[PDB]
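Just one chain follows, in the form deposited in one PDB entry, and it is written as structure tokens.
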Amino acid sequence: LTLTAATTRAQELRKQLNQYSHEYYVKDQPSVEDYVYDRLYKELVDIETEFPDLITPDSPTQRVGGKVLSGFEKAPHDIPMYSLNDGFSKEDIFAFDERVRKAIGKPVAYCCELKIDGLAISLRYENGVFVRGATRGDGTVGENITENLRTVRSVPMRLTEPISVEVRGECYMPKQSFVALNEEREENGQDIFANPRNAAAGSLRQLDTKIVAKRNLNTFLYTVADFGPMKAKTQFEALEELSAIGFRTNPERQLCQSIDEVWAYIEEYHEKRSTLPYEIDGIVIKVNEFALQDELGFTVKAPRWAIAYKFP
């Protein structure tokens, strides 16, 4: 195979393999059998092995990692990553709704989402290319964990549309992976992680990306730092749009027109809790209309337009 032929073929393979990866990791619904992906993946590895200059950032072979950092550079969030206000009872939730109606002056719809137990992350894309991955940190300054996030399979290295946007969401470790990891640590005389949240946080703190690539971390994106590039006008629309551009979103969301529907949602997933492949510590209730979120604003700690109902 000539360099000229390999150059063209490599792009074809990346394109095809990344589409399969999108279906498998982002949609959780593969179209082809694994052996189909494996054969094409092997073909690409052979090409890259022969002509290493053909290796690119969006090549699926880079998911295994390789870089080892000495430490993490600071990662500023010019648009702050606020925290969430907490609610602990049906009372707190209805009180929240009352305060929201009092401020807005009319009934308001809420986009309800599961509160994934993990770590909040921020992903920056420029012209569709993944350029920065960061932890929330203290809200205004986090850690630059770009290299580690390159190994997180559900994180796209190149979006289909060449858009420049910074999306945010949760990075977590599914229950099964958490269990297996702790067994592995027990086998190697290491301290186990107390919970999936800690396992995810500890994994993203590792400096050797090759180790992180093996931690089986996953994601659920739920917001955008700057809605400039995007068209969504409500949170529910934002979730659909995040999915449209290539990110993994949680399918269990629900738009509720009343606080009673909100409470019904909470009860529904409070029972379905144990059945999910990931842990959740509550429900996040968000004023759906962005125009109303803007009107409500933020306290110093968090937005006034959202509240997290924490499971007892």
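We number the residues from 1 along the sequence you see. What we label the rigid core is the largest C-alpha set whose atoms superpose within 1.5 Å from one form to the other. Residues that one form lacks are left out of the comparison.
Although not depicted, the form deposited in another entry is the subject of the following passage.
After superposing the rigid core, the Cα of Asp46 is displaced by 2 Å or more between this form and the one not shown. The two forms, fitted on the rigid core, differ between this form and the one not shown by less than 2 Å at the CA of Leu292. With a change of no less than 3 Å, the CA-CA distance between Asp28 and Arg185 is smaller in the other entry than in the form shown. Note: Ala201-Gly66 Cα separation is 3 Å or more shorter in the other entry than here.
After superposition on the rigid core, stretches of three or more consecutive residues whose Cα atoms move by at least 2 Å between this form and the one not shown are found at 1-71, 227-229.
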